[PDB]
Amino acid sequence: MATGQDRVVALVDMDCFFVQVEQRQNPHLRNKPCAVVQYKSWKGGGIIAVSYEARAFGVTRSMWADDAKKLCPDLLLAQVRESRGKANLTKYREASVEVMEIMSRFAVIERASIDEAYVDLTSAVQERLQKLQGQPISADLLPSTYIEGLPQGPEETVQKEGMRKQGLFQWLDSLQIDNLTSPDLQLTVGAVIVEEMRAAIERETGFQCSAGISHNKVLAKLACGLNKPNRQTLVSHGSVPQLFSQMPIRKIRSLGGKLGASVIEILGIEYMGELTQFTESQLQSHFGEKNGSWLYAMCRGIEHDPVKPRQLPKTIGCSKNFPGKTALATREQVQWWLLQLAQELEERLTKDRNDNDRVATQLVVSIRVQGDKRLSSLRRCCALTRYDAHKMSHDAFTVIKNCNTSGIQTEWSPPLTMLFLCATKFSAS
DNA sequence: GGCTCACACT
DNA sequence: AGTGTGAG
Ligand SMILES: Nc1ccn([C@H]2C[C@H](O)[C@@H](COP(=O)(O)NP(=O)(O)OP(=O)(O)O)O2)c(=O)n1
Ligand SMILES: [Mg+2]
Ligand SMILES: [Mg+2]
């Protein structure tokens, strides 16, 4: 029986990342309840990131700033840059690149989002094990590490840091240093490397982050969120049974949506651990061959999804919603906004070509019409042969112009509630 | 609520 | 090629 203990995988995720970017730039924001917002004019702006100090007051990502102020009167705000009537996330993408570049020094990474990346530490661990061969691992090498499930059995325990240490001590005391093979030893050395990586990030960028270390991406991601912020968590294969016994299905990556809901509804269960009851065939019959096999393995802590060697996004896109009364109702209006989106896209693509030695070859245009529940009413694509904003916007209109319901042709019906331009199908240059 | 991304399915 | 789900 395979135990899925073949790899050491880590997930590193920045703490309150957009807030940290603004806090680094503006020292007045440091160590205070603050949030990052976009489009200040409406209800003070929509919050997209929240500092831990602000989270203590109950401020969340969903909220309008005016509403967040009601919970947290002293809340400080930082505004996302606005360009061409649109939120521009350039500052945060550049900050992301800073972090990713540092991580790449230690190992090959998969960029999972703007503020997180998976790391395959398997090779690095082998090397490190040989280098310090026969040498026991000190607790001092793991100053911010939690061992999930520990401490166990028999006032220091009254304080969080006291508990962390006791668990770490119990873990280390148990490790067999000899035996380079031991998965637990491999995860431990993995955590040592992650400590160093996290230290390099903070020293060179000033940003703090949390991390998870386990044998696969799903567990690594789950581990990461266990002790945020500014801490890392090691989830061993052995900790899985107890961990999953009370773990809501929706917590597992990819189960947070309809699929997760269907697992709960069809099987009549609540926790990830209860999945172990069912045969692989049973799971496949309900949720399909691929999903069924994945679930059967996952509830036992086993997953084989590889850490893909990809540091750069596959697509570059910008979009804007025009909700309610703001929906675009004229041909001229639609064309003007297409131009704004195309202009920002051109800037980003030009930088991309210079920085990354690649060119996009396909242009995708997506729109939403008023009254449509679907996020995208229509998607169409055309060739992208020139990095020219006017051509791109002109081409995008050509592709969608037939969508217009109205006879006048100076007026657009139904009104458009969303425009989206995306460059794809990159090739080396 | 808003701006982005990746990927499975057909 | 075009649609839908999931996420951060
Ligand atoms: N729905 C979302 C989720 C995240 N983001 C952005 C803002 C976040 O700061 C950044 C990182 O996402 P996130 O890791 O899930 N949360 P954040 O980093 O702010 O706080 P942590 O919980 O990770 O400490 O992406 C967004 O713009 N819209
Ligand atoms: Mg984060
Ligand atoms: Mg994140």
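All values below were derived from every heavy atom in this structure, side-chain atoms included, with hydrogens, water molecules and symmetry-related copies excluded. Every chain is numbered from 1, with letters handed out A, B, ... down the list of sequences.
Residue contacts for A:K425: at a heavy-atom cut-off of 4.0 Å it reaches the sugar-phosphate backbone alone, with no base atom in range. Contact annotation for A:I48: base contact, defined as any heavy-atom pair under 4.0 Å involving a base atom. When heavy atoms are screened at a 4.0 angstrom cut-off, A:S254 is found touching the sugar-phosphate backbone but no base atom. At the heavy-atom level, A:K320 lies under 4.0 Å from the strands shown only through sugar-phosphate atoms. When heavy atoms are screened at a 4.0 angstrom cut-off, A:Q362 is found touching the sugar-phosphate backbone but no base atom. Nucleic acid contact for A:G46: base, since at least one base atom lies under 4.0 Å from a heavy atom of the residue. The residue A:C422 sits apart from the nucleic acid: no heavy atom pair falls under 4.0 Å. In this structure, A:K308 reaches the sugar-phosphate backbone alone: every heavy-atom distance under 4.0 Å involves primed, P, OP1 or OP2 atoms, never a base. Among the heavy atoms of the strands lying under 4.0 Å from A:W64 are primed sugar atoms or P, OP1, OP2 only; no base atom is included. Among the protein residues, A:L375 comes within range of no part of the nucleic acid, since none of its heavy atoms lies under 4.0 Å from any strand.
Here the nucleotide nearest the side chain of A:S113, chosen from B:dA6, C:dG8, B:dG1, is C:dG8. You'll find that the side chain of A:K290 is closest to B:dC9, out of B:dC9, B:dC5, C:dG2. If you check C:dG6, C:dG8, B:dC5 against the side chain of A:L259, the one that comes closest is C:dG6. Proximity note for A:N321 (side chain, C-beta onward) versus B:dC3, B:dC7, B:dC5: the nearest is B:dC3. The side chain of A:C381 sits closest to C:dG2 out of C:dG2, B:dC3, B:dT4. When distances run from any side-chain atom of A:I47 to the nucleotides B:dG1, B:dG2, C:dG8, the shortest one goes to B:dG1. Side chain of A:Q38, nearest nucleotide from B:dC5, B:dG2, C:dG6: B:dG2. Closest contact between the side chain of A:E116 and the listed nucleotides C:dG8, B:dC7, B:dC5 involves C:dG8. The listed nucleotides are C:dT3, B:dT4, B:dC7; the one nearest the side chain of A:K86 is B:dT4. The nucleotide whose nearest atom lies closest to any side-chain atom of A:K258 is, among C:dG8, C:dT5, B:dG2, C:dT5.
Two residues are said to be in side-chain contact when any heavy atoms from C-beta on lie closer than 4.5 Å; A:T330 and A:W336 fail this criterion. Using a 4.5 Å cut-off on side-chain heavy atoms (C-beta onward), A:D13 and A:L11 make contact.
Taking side-chain N and O atoms only, A:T315 has a distance below 4.0 Å to OP1 or OP2 of B:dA6. When the side-chain nitrogen and oxygen atoms of A:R93 are compared with OP1 and OP2 of B:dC5, one or more of them lie within a distance under 4.0 Å. The side chain of A:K221 places no N or O atom within less than 4.0 Å of a non-bridging phosphate oxygen (OP1 or OP2) of C:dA7. Between A:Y39 and B:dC3, a side-chain N or O to OP1/OP2 separation shorter than 4.0 Å is present. For A:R111, no side-chain nitrogen or oxygen approaches OP1 or OP2 of B:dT4 to under 4.0 Å.
When the pucker is read from the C1'-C2'-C3'-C4' torsion, the sugar belonging to B:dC7 turns out south, on the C2'-endo side.
Using the six-membered ring where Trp is involved, A:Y92 and A:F18 have ring planes that are parallel, under 30° apart on the 30 and 60° scheme.
Taking CD1 of A:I249 as the reference point, atom CG of A:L255 lies at 7.0 Å (rounded to 0.5 Å).
In this structure, A:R379 places its CZ atom 18 Å from P of B:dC9, rounding to the nearest Å. When the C1' atom of C:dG4 is taken as reference, atom NZ of A:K373 falls 14 Å away, rounded to whole Å. As a whole-Å value, the separation of A:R81 CZ from B:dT4 P is 12 Å. We find that NZ of A:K251 is positioned 11 Å from P of C:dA7, with the value rounded to whole Å. Here the P atom of nucleotide C:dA7 and the OH atom of A:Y118 are 11 Å apart, to the nearest Å. The interatomic distance linking A:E344 (CD) with B:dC3 (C1') rounds to 10 Å, in whole Å. Taking atom CZ of A:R374 as the reference point, atom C1' of C:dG4 lies 10 Å away to the nearest angstrom. Counting to the nearest Å, the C1' atom of C:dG6 and the CG atom of A:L255 are 10 Å from each other.
Of the residues A:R93, A:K86, A:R84, the one that meets the salt bridge (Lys or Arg N to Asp or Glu O under 4.0 Å) test with A:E347 is A:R84.
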Would you sort out whether A:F322 and A:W337 count as a ring pair (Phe, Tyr, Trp, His ring centres under 6.0 Å), showing the intermediate values?
CA-CA 10 Å; A:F322 306 88; A:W337 281 107; 5.0 Å; yes
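Open room surrounds NZ on A:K401; 12 or fewer heavy atoms of other groups in view lie less than 6.0 Å from it.
Annotation: of the two residues near DNA chain B, A:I316 and A:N291, the 5′-most nearest-nucleotide partner is A:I316.
Salt-bridge check for A:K217 with A:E110: passed, with a basic side-chain N closer than 4.0 Å to an acidic carboxylate O.
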